[PDB]
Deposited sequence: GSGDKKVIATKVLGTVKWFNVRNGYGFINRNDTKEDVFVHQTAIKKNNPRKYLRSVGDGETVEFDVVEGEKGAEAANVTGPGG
């Protein structure tokens, strides 16, 4: 729950709706961050598309950094 960064922009590398997670590449550091489906703000009410630009917070999850509050840019 510890917030590391906010209003980070990134590109969805892939998001798998069967597994319910994917990875976003941060535009500011070029590092991949894990994104779980429950972290996406609202058929797939919580999903993002491969190649999409998204805005998110980076928080400290159980297994390291992860995306939170994932939305479109702006």
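- Residues of the deposited sequence that lack C-alpha coordinates fall in the stretches 1 to 4, 47 to 50, 83.
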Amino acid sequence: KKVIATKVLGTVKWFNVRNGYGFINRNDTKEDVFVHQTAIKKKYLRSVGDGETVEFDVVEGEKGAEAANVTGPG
From here on, numbers count along this sequence of modelled residues.
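For the two forms, the rigid core is made up of the largest set of C-alpha atoms that agree within 1.5 Å on superposition.
- Superposition on the core shows that, in 6 other deposited structures of this protein, the C-alpha atoms drift more in one of 21 to 29 and 58 to 66; this is 58 to 66.
- Compared with the other entries of this protein, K43 is frequently left unbuilt, missing from a third or more of those that build its neighbours.
- According to the PDB record, 43 to 51 carries the higher mean C-alpha B-factor of the two stretches 43 to 51 and 30 to 38.
- When the mean C-alpha temperature factors of 63 to 71 and 4 to 12 are read from the deposited coordinates, 63 to 71 comes out higher.
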